[PDB]
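> Just so it is clear, I am handing over work-v1.cif, which has mmCIF, C-alpha atoms and all ligand atoms.
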data_coords
loop_
_atom_site.group_PDB
_atom_site.id
_atom_site.type_symbol
_atom_site.label_atom_id
_atom_site.label_comp_id
_atom_site.auth_asym_id
_atom_site.auth_seq_id
_atom_site.Cartn_x
_atom_site.Cartn_y
_atom_site.Cartn_z
ATOM 1 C CA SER T 1 8.234 20.719 13.607
ATOM 2 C CA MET T 2 4.578 19.659 13.434
ATOM 3 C CA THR T 3 1.746 17.276 14.467
ATOM 4 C CA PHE T 4 0.591 14.241 12.498
ATOM 5 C CA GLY T 5 -2.437 16.226 11.323
ATOM 6 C CA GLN T 6 -0.240 18.917 9.790
ATOM 7 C CA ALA T 7 1.951 16.239 8.261
ATOM 8 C CA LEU T 8 -1.154 14.702 6.657
ATOM 9 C CA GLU T 9 -2.089 18.068 5.152
ATOM 10 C CA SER T 10 1.440 18.348 3.728
ATOM 11 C CA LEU T 11 1.195 14.782 2.339
ATOM 12 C CA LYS T 12 -2.064 15.651 0.571
ATOM 13 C CA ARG T 13 -0.231 18.620 -0.985
ATOM 14 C CA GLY T 14 2.417 16.292 -2.384
ATOM 15 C CA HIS T 15 5.288 16.615 0.137
ATOM 16 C CA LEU T 16 7.524 13.968 1.668
ATOM 17 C CA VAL T 17 7.515 13.919 5.503
ATOM 18 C CA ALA T 18 9.228 11.996 8.288
ATOM 19 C CA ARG T 19 9.442 11.904 12.082
ATOM 20 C CA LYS T 20 12.691 12.938 13.769
ATOM 21 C CA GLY T 21 12.099 10.207 16.400
ATOM 22 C CA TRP T 22 12.047 7.238 13.937
ATOM 23 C CA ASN T 23 14.786 4.625 14.434
ATOM 24 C CA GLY T 24 15.540 4.007 10.762
ATOM 25 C CA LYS T 25 17.755 6.296 8.749
ATOM 26 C CA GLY T 26 16.823 8.369 5.736
ATOM 27 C CA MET T 27 13.200 7.371 5.586
ATOM 28 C CA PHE T 28 10.103 9.181 4.490
ATOM 29 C CA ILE T 29 6.447 8.731 3.605
ATOM 30 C CA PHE T 30 4.407 10.067 0.722
ATOM 31 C CA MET T 31 0.906 9.850 -0.624
ATOM 32 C CA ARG T 32 -0.289 8.054 -3.725
ATOM 33 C CA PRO T 33 -3.505 9.459 -5.178
ATOM 34 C CA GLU T 34 -6.788 7.781 -5.911
ATOM 35 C CA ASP T 35 -7.092 6.134 -9.319
ATOM 36 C CA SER T 36 -10.093 4.695 -11.165
ATOM 37 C CA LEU T 37 -9.707 1.985 -13.813
ATOM 38 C CA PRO T 38 -12.062 0.223 -16.240
ATOM 39 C CA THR T 39 -12.478 -3.410 -15.253
ATOM 40 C CA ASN T 40 -10.826 -4.698 -18.449
ATOM 41 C CA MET T 41 -7.608 -2.919 -17.490
ATOM 42 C CA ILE T 42 -7.696 -4.750 -14.196
ATOM 43 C CA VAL T 43 -8.144 -8.232 -15.621
ATOM 44 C CA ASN T 44 -5.701 -7.865 -18.523
ATOM 45 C CA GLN T 45 -3.329 -4.993 -17.750
ATOM 46 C CA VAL T 46 -2.652 -4.270 -14.057
ATOM 47 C CA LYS T 47 0.467 -5.967 -12.677
ATOM 48 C CA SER T 48 0.849 -7.635 -9.312
ATOM 49 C CA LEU T 49 -2.743 -8.702 -8.880
ATOM 50 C CA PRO T 50 -3.586 -12.234 -7.839
ATOM 51 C CA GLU T 51 -5.625 -14.425 -10.295
ATOM 52 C CA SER T 52 -8.244 -14.912 -7.627
ATOM 53 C CA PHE T 53 -8.867 -11.144 -7.485
ATOM 54 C CA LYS T 54 -8.981 -10.864 -11.215
ATOM 55 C CA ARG T 55 -11.550 -13.626 -11.410
ATOM 56 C CA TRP T 56 -13.705 -11.986 -8.737
ATOM 57 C CA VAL T 57 -13.613 -8.766 -10.685
ATOM 58 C CA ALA T 58 -14.542 -10.524 -13.916
ATOM 59 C CA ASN T 59 -17.358 -12.339 -12.200
ATOM 60 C CA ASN T 60 -18.816 -9.391 -10.346
ATOM 61 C CA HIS T 61 -18.386 -6.793 -13.050
ATOM 62 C CA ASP T 62 -17.612 -0.396 -15.434
ATOM 63 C CA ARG T 63 -15.042 1.115 -13.083
ATOM 64 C CA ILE T 64 -13.073 0.130 -10.022
ATOM 65 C CA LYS T 65 -11.798 2.719 -7.632
ATOM 66 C CA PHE T 66 -8.493 2.441 -5.842
ATOM 67 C CA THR T 67 -8.493 4.814 -2.863
ATOM 68 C CA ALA T 68 -5.563 7.090 -2.090
ATOM 69 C CA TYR T 69 -3.032 5.681 0.406
ATOM 70 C CA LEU T 70 0.327 6.288 2.089
ATOM 71 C CA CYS T 71 3.611 4.707 1.251
ATOM 72 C CA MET T 72 7.059 4.569 2.753
ATOM 73 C CA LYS T 73 10.597 4.738 1.433
ATOM 74 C CA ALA T 74 12.211 2.520 4.020
ATOM 75 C CA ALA T 75 15.607 2.414 5.633
ATOM 76 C CA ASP T 76 16.682 -0.376 3.295
ATOM 77 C CA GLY T 77 15.696 1.578 0.175
ATOM 78 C CA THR T 78 12.591 -0.448 -0.476
ATOM 79 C CA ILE T 79 9.181 1.097 -1.116
ATOM 80 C CA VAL T 80 6.370 -0.139 1.120
ATOM 81 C CA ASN T 81 2.884 0.410 -0.285
ATOM 82 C CA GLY T 82 0.520 0.916 2.621
ATOM 83 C CA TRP T 83 2.545 2.556 5.387
ATOM 84 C CA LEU T 84 1.025 2.224 8.906
ATOM 85 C CA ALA T 85 0.880 4.995 11.507
ATOM 86 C CA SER T 86 1.801 3.637 14.924
ATOM 87 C CA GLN T 87 0.221 4.983 18.134
ATOM 88 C CA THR T 88 3.381 7.056 18.568
ATOM 89 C CA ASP T 89 3.328 8.366 14.959
ATOM 90 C CA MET T 90 -0.255 9.557 15.317
ATOM 91 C CA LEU T 91 0.245 11.353 18.616
ATOM 92 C CA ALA T 92 3.737 12.805 18.030
ATOM 93 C CA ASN T 93 4.724 16.352 17.211
ATOM 94 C CA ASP T 94 8.191 15.732 15.684
ATOM 95 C CA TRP T 95 7.046 15.538 12.067
ATOM 96 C CA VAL T 96 9.122 17.415 9.481
ATOM 97 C CA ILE T 97 8.936 18.073 5.766
ATOM 98 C CA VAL T 98 11.798 16.312 4.049
ATOM 99 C CA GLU T 99 10.945 17.311 0.512
ATOM 100 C CA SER C 1 -12.134 -21.537 10.780
ATOM 101 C CA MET C 2 -8.627 -20.207 11.101
ATOM 102 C CA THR C 3 -6.171 -18.058 12.885
ATOM 103 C CA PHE C 4 -4.649 -14.959 11.301
ATOM 104 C CA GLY C 5 -1.411 -16.913 10.862
ATOM 105 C CA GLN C 6 -3.260 -19.471 8.747
ATOM 106 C CA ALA C 7 -4.985 -16.695 6.800
ATOM 107 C CA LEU C 8 -1.549 -15.193 6.091
ATOM 108 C CA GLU C 9 -0.369 -18.560 4.753
ATOM 109 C CA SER C 10 -3.361 -18.714 2.386
ATOM 110 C CA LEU C 11 -2.795 -15.065 1.332
ATOM 111 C CA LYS C 12 0.802 -15.898 0.441
ATOM 112 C CA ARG C 13 -0.648 -18.727 -1.668
ATOM 113 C CA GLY C 14 -2.839 -16.346 -3.675
ATOM 114 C CA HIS C 15 -6.157 -16.773 -1.883
ATOM 115 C CA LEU C 16 -8.743 -14.233 -0.813
ATOM 116 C CA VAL C 17 -9.657 -14.333 2.906
ATOM 117 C CA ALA C 18 -12.124 -12.579 5.245
ATOM 118 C CA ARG C 19 -13.217 -12.572 8.892
ATOM 119 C CA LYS C 20 -16.741 -13.706 9.747
ATOM 120 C CA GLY C 21 -16.823 -11.118 12.552
ATOM 121 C CA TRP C 22 -16.157 -8.056 10.282
ATOM 122 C CA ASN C 23 -18.961 -5.385 10.253
ATOM 123 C CA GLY C 24 -18.876 -4.721 6.498
ATOM 124 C CA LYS C 25 -20.393 -7.400 4.239
ATOM 125 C CA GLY C 26 -18.928 -8.985 1.153
ATOM 126 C CA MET C 27 -15.375 -7.903 1.929
ATOM 127 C CA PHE C 28 -12.091 -9.604 1.497
ATOM 128 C CA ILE C 29 -8.326 -9.122 1.552
ATOM 129 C CA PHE C 30 -5.609 -10.280 -0.836
ATOM 130 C CA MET C 31 -1.847 -10.038 -1.260
ATOM 131 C CA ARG C 32 0.002 -8.153 -3.987
ATOM 132 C CA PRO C 33 3.497 -9.578 -4.646
ATOM 133 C CA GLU C 34 6.804 -7.805 -4.466
ATOM 134 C CA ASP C 35 8.071 -6.220 -7.683
ATOM 135 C CA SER C 36 11.359 -4.698 -8.840
ATOM 136 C CA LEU C 37 11.295 -1.779 -11.272
ATOM 137 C CA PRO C 38 13.961 0.131 -13.218
ATOM 138 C CA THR C 39 14.480 3.612 -11.797
ATOM 139 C CA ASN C 40 14.001 5.318 -15.174
ATOM 140 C CA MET C 41 10.548 3.745 -15.383
ATOM 141 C CA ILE C 42 9.689 5.087 -11.903
ATOM 142 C CA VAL C 43 10.512 8.645 -12.951
ATOM 143 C CA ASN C 44 8.384 8.678 -16.195
ATOM 144 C CA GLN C 45 6.354 5.472 -16.642
ATOM 145 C CA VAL C 46 4.646 4.948 -13.291
ATOM 146 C CA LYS C 47 1.372 6.610 -12.567
ATOM 147 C CA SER C 48 0.204 7.597 -9.086
ATOM 148 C CA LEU C 49 3.517 8.878 -7.777
ATOM 149 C CA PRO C 50 4.122 12.413 -6.578
ATOM 150 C CA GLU C 51 6.711 14.623 -8.201
ATOM 151 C CA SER C 52 8.585 15.014 -4.991
ATOM 152 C CA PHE C 53 9.243 11.223 -4.956
ATOM 153 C CA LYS C 54 10.204 11.176 -8.659
ATOM 154 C CA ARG C 55 12.597 13.974 -7.943
ATOM 155 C CA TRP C 56 14.053 12.047 -5.020
ATOM 156 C CA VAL C 57 14.641 8.944 -7.124
ATOM 157 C CA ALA C 58 16.166 11.041 -9.909
ATOM 158 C CA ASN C 59 18.540 12.706 -7.494
ATOM 159 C CA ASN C 60 19.586 9.490 -5.667
ATOM 160 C CA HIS C 61 19.834 7.092 -8.606
ATOM 161 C CA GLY C 62 19.934 9.014 -11.810
ATOM 162 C CA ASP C 63 19.044 8.346 -15.413
ATOM 163 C CA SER C 64 19.691 4.665 -14.948
ATOM 164 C CA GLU C 65 18.673 1.567 -16.819
ATOM 165 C CA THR C 66 20.452 -0.908 -14.591
ATOM 166 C CA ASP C 67 19.334 0.523 -11.309
ATOM 167 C CA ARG C 68 16.215 -0.922 -9.767
ATOM 168 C CA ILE C 69 13.887 -0.054 -6.900
ATOM 169 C CA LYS C 70 12.177 -2.854 -5.011
ATOM 170 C CA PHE C 71 8.520 -2.515 -3.915
ATOM 171 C CA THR C 72 7.790 -5.126 -1.257
ATOM 172 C CA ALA C 73 4.655 -7.294 -1.129
ATOM 173 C CA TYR C 74 1.655 -5.925 0.784
ATOM 174 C CA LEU C 75 -1.993 -6.596 1.626
ATOM 175 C CA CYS C 76 -5.030 -4.936 -0.026
ATOM 176 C CA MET C 77 -8.719 -4.945 0.715
ATOM 177 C CA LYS C 78 -11.794 -5.025 -1.498
ATOM 178 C CA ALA C 79 -13.975 -2.894 0.773
ATOM 179 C CA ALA C 80 -17.717 -2.941 1.532
ATOM 180 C CA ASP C 81 -18.439 -0.130 -0.968
ATOM 181 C CA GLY C 82 -16.452 -1.855 -3.751
ATOM 182 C CA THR C 83 -13.350 0.278 -3.500
ATOM 183 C CA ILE C 84 -9.895 -1.245 -3.407
ATOM 184 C CA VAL C 85 -7.597 -0.184 -0.565
ATOM 185 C CA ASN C 86 -3.885 -0.670 -1.168
ATOM 186 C CA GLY C 87 -2.266 -1.189 2.225
ATOM 187 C CA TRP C 88 -4.846 -2.966 4.358
ATOM 188 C CA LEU C 89 -3.827 -3.146 7.983
ATOM 189 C CA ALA C 90 -4.720 -5.672 10.698
ATOM 190 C CA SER C 91 -6.518 -4.422 13.795
ATOM 191 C CA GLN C 92 -5.763 -5.936 17.244
ATOM 192 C CA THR C 93 -8.919 -8.040 16.875
ATOM 193 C CA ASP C 94 -8.023 -9.136 13.312
ATOM 194 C CA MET C 95 -4.563 -10.278 14.481
ATOM 195 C CA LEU C 96 -5.802 -12.262 17.445
ATOM 196 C CA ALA C 97 -9.043 -13.690 15.996
ATOM 197 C CA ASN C 98 -9.726 -17.238 14.885
ATOM 198 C CA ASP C 99 -12.766 -16.591 12.688
ATOM 199 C CA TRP C 100 -10.821 -16.219 9.395
ATOM 200 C CA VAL C 101 -12.199 -17.990 6.305
ATOM 201 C CA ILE C 102 -11.167 -18.512 2.696
ATOM 202 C CA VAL C 103 -13.379 -16.683 0.190
ATOM 203 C CA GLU C 104 -11.555 -17.673 -2.989
HETATM 204 N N1 LIG T 201 7.380 3.791 19.551
HETATM 205 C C1 LIG T 201 6.760 2.894 18.729
HETATM 206 N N2 LIG T 201 5.432 2.735 18.791
HETATM 207 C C2 LIG T 201 4.761 1.867 18.038
HETATM 208 N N3 LIG T 201 5.369 1.105 17.142
HETATM 209 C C3 LIG T 201 6.704 1.251 17.014
HETATM 210 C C4 LIG T 201 7.443 2.119 17.798
HETATM 211 N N4 LIG T 201 8.736 1.991 17.434
HETATM 212 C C5 LIG T 201 8.780 1.059 16.466
HETATM 213 N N5 LIG T 201 7.534 0.632 16.214
HETATM 214 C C6 LIG T 201 7.026 -0.396 15.252
HETATM 215 O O1 LIG T 201 7.557 -1.708 15.442
HETATM 216 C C7 LIG T 201 8.192 -2.156 14.236
HETATM 217 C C8 LIG T 201 9.724 -2.006 14.298
HETATM 218 O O2 LIG T 201 10.138 -0.634 14.295
HETATM 219 P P1 LIG T 201 11.462 -0.013 13.583
HETATM 220 O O3 LIG T 201 11.911 -0.868 12.445
HETATM 221 O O4 LIG T 201 12.421 0.411 14.645
HETATM 222 O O5 LIG T 201 10.708 1.248 12.958
HETATM 223 P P2 LIG T 201 11.240 2.738 12.702
HETATM 224 O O6 LIG T 201 12.485 2.680 11.854
HETATM 225 O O7 LIG T 201 11.218 3.527 13.969
HETATM 226 O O8 LIG T 201 10.038 3.192 11.730
HETATM 227 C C9 LIG T 201 8.734 3.513 12.247
HETATM 228 C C10 LIG T 201 7.630 2.886 11.398
HETATM 229 O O9 LIG T 201 7.576 1.451 11.545
HETATM 230 C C11 LIG T 201 6.260 1.029 11.912
HETATM 231 O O10 LIG T 201 6.226 0.817 13.320
HETATM 232 C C12 LIG T 201 7.307 0.023 13.820
HETATM 233 C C13 LIG T 201 7.569 -1.319 13.122
HETATM 234 O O11 LIG T 201 6.360 -1.976 12.748
HETATM 235 C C14 LIG T 201 5.340 2.205 11.607
HETATM 236 O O12 LIG T 201 4.998 2.126 10.234
HETATM 237 C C15 LIG T 201 6.270 3.391 11.865
HETATM 238 O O13 LIG T 201 5.936 4.607 11.192
#
Using structure tokens, write down the structure from this file.

Amino acid sequence: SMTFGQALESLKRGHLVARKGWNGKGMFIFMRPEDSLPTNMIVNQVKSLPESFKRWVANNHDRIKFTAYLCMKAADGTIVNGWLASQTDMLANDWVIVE
Amino acid sequence: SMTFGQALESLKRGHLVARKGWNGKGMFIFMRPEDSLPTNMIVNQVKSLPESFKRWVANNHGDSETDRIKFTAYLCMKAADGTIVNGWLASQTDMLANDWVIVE
């Protein structure tokens, strides 16, 4: 069992990790890597972007960079983009590799 | 100006919002809506997923057309350096402030 810092190194290597002390069942987090897209892709191709964002991009622009980030497979089976580490998650040492 | 609760209502309506008290300049946040995807598409047609996750989906749903995985809505930030951050989070000060404004 490991610290949050070790779990973050395993996430950057592509593993799934979880805390034993979480309330929800069968959950895990994983990392999604950075991506860089031409601005035309963003305005015409990328799904799930608001029109207001797309207009700002068109108005202010080569390439747009999406930073890497963490995600969660939740207890209900949903995927949450943008998982949050609580105070307890960050300071705990009950992290485990789950895949 | 507005409370975070009002900013959240405008985000759900498709607006861009920002706090006047943020340190970085020219920033804003926006909402990306929930989506529902077929599980076969998650295994081979979605970029930016690790193999370990694709393997998990393949093991727990299989080669299925009917089966779908729901991605919930979430907030994103256009940062000070121009990068886009999927999964913006609200600090204590963000949550309790009343200096929110609409930017678009
Ligand atoms: N000891 C604790 N300290 C700080 N916050 C805690 C907490 N216990 C629960 N919470 C939070 O309060 C809400 C309901 O919690 P739960 O639904 O019971 O969450 P859980 O299944 O334990 O998953 C854990 C994941 O949920 C998120 O934090 C939750 C979630 O916002 C965060 O991303 C975490 O990694």
> Check the smallest atom-to-atom distance from each of T:14, T:24, T:90, T:58 to chain C using all atoms listed in the file, then report the winner.
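When distances to chain C are compared using all atoms listed in the file, the smallest one comes from T:14.
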> As a quick test: using all atoms listed in the file, which residues lie no more than 6 Å away from ligand LIG 201 (chain T)? Give them as a list in words.
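So the residues close to ligand LIG 201 (chain T) are residues 22, 23, 24, 83, 84, 85, 86, 87, 88 and 89 of chain T.
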> Show me, as a tab-separated table, the residues of chain T having an atom within 7 Å of chain C, each with the closest atom pair and its distance in Å, using all atoms listed in the file.

residue	atom	partner	partner_atom	distance
T:14	CA	C:50	CA	6.0
T:15	CA	C:52	CA	6.3
T:16	CA	C:52	CA	6.8
T:32	CA	C:48	CA	5.4
T:33	CA	C:48	CA	5.7
T:48	CA	C:32	CA	5.4
T:49	CA	C:32	CA	5.6
T:50	CA	C:14	CA	5.9
T:52	CA	C:104	CA	6.3
T:64	CA	C:83	CA	6.5
T:65	CA	C:83	CA	5.0
T:66	CA	C:84	CA	4.6
T:67	CA	C:85	CA	5.6
T:69	CA	C:86	CA	6.6
T:78	CA	C:70	CA	5.2
T:79	CA	C:71	CA	4.6
T:80	CA	C:72	CA	5.7
T:81	CA	C:87	CA	5.9
T:82	CA	C:87	CA	3.5
T:83	CA	C:87	CA	6.9
T:99	CA	C:52	CA	6.4
> At a cut-off of 9 Å, using only C-alpha atoms, what residues contact residue T:21? Leave out same-chain residues fewer than 6 positions from it and give the result as a short mmCIF file (atom, residue, chain, number, x, y, z; two decimals) with C-alpha atoms, in the frame of the given file.

data_model
loop_
_atom_site.label_atom_id
_atom_site.label_comp_id
_atom_site.auth_asym_id
_atom_site.auth_seq_id
_atom_site.Cartn_x
_atom_site.Cartn_y
_atom_site.Cartn_z
CA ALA T 92 3.74 12.80 18.03
CA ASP T 94 8.19 15.73 15.68
CA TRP T 95 7.05 15.54 12.07
#
> Compare T:47, T:63, T:54, T:12 by their minimum atom-to-atom distance to residue T:30, counting all atoms listed in the file, and give me the closest one.
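That would be T:12, the residue with the smallest distance to residue T:30.
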> Give as a count of residues only the set of residues within 10 Å of the point (-8.4, -4.8, -17.2), where distances use the file's coordinates and all atoms listed in the file.
15
> Could you name the residues that touch residue C:102 at 9 Å or less, counting only C-alpha atoms, but leaving out those on the same chain fewer than 2 positions away, as a ChimeraX atom specification?
/C:1-2,7,10,15-19,100,104
> Please expand the PyMOL selection byres (((chain C and resi 3) around 9) and not hetatm) into the concrete residues it hits in this file, giving the result as a list in words.
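The output of the PyMOL selection byres (((chain C and resi 3) around 9) and not hetatm) on this file is residues 1, 2, 4, 5, 6, 7, 8, 95, 96, 97, 98, 99, 100 and 101 of chain C.
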> One decimal, Å: what's the distance from atom CA of residue T:5 over to atom CA of residue T:17, could you say?
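Atom CA of residue T:5 sits 11.8 Å away from atom CA of residue T:17.
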> Report the distance between atom CA of residue C:38 and atom CA of residue C:59 in Å, rounded to one decimal place.
14.6 Å
> Figure out the distance between atom CA of residue T:25 and atom CA of residue T:97, please, to one decimal in Å.
15.0 Å
> Could you give me the axis-aligned bounding box of stretch 85-96 of chain T, with 3 Å of padding per side, as centre plus edge lengths in Å to one decimal, as lines of an AutoDock Vina configuration file?

center_x = 4.4
center_y = 10.5
center_z = 14.0
size_x = 15.4
size_y = 19.8
size_z = 15.1
